[PDB]
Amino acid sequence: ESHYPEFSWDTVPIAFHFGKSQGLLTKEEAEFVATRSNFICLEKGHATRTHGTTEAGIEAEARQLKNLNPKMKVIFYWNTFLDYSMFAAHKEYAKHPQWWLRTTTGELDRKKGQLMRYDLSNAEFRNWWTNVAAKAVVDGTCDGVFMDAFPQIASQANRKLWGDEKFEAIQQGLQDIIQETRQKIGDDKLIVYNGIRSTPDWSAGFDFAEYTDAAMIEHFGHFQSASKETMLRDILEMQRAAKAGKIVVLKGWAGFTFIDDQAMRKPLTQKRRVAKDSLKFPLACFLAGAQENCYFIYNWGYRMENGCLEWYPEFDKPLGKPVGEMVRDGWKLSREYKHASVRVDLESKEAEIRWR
């Protein structure tokens, strides 16, 4: 409620989610972000080239953004499952081998690149992890935390590595770490998590709602979520969770993603042409289902340069409050706003936005 980012329907509601590893945002970049949104999550690595640690880079960025826009809610990225190297916290975790997660054989559980995965069932680890979040948001200038990697924690394949007993303890540990985060950071801070996910094999809607404020739909229209069935499931879950009072962040992709090699090799001007042509469909999907506290992100990745500071005239046009609920006819969706009429067909991937 009162701790949410200040929401408006005046124009398309926008959020940001990115990092600039090479330094703080320039004056122009910070002015752009702070003026055009009240809601940004700063990624791992942000400003580490000049500030050393992600914690120091994010803290300095939060201060400069809030000097520009005191209503900007700045969210600290803190992965719930993975021990990334570019945080001061990494060399703290390195000193607590009693916490480290192992497979049934006693081998350390690490992703490729010697990236340890956390044993959420360990209470001492959880106290430390939530302390890192509290340092960033209570003592520091951020307004909340972005808890990534829930689908990885829940993956049934982890049972093979850990055994069933440890798997269940880790799933309970996720419940406990979310609760303990809320207790340590307070009721006026935001908990954003990743997230809502719809694939043919595995799906997750908004969860942990007594504690979490916001969920990302990270894969909208892309990855294993491009089918009409999974798109409809994502849009309907946005509608449902936001009608129930939650924040939903729909991550649109600008016709390609950061793992699409041929697309990522194209000259920037061509990427921009693709991004312009690719906007209407996901924007219409977002507007079809959007409710209060729903935000759109649109780009091709999570580094600043991946389209994150591009802009489009659609984001400047009067939108206004919805004047009716989303209407569905099979794969076709429509929505009426005070200053716009939205139509999208998930089966043909056609869309129309009539601005007025």
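Heads up: residue numbers just count along the shown sequence, starting at 1.
- Mean CA B-factor, 221 to 229 versus 75 to 83: the higher value falls on 221 to 229.
- In this crystal structure, the stretch out of 320 to 328 and 62 to 70 whose C-alpha atoms carry the higher mean B factor is 320 to 328.
- By the numbers in the PDB entry, the CA B factor is greatest at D139 among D148, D213, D176, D139.
- Ranking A15, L25, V12, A340 by Cα temperature factor from the entry places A340 first.
- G163: CA B factor in the highest third of modelled residues in this chain (values from the PDB entry).
- When the modelled residues of the chain are ordered by their C-alpha B factor, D188 lands in the middle third.
- Ranked by C-alpha B-factor against the other modelled residues of its chain, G144 falls in the lowest third.
- For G195, the recorded CA temperature factor ranks within the lowest third of the chain's modelled residues.
- Among all modelled residues in this chain, the alpha-carbon of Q156 has a temperature factor (C-alpha) in the highest third.
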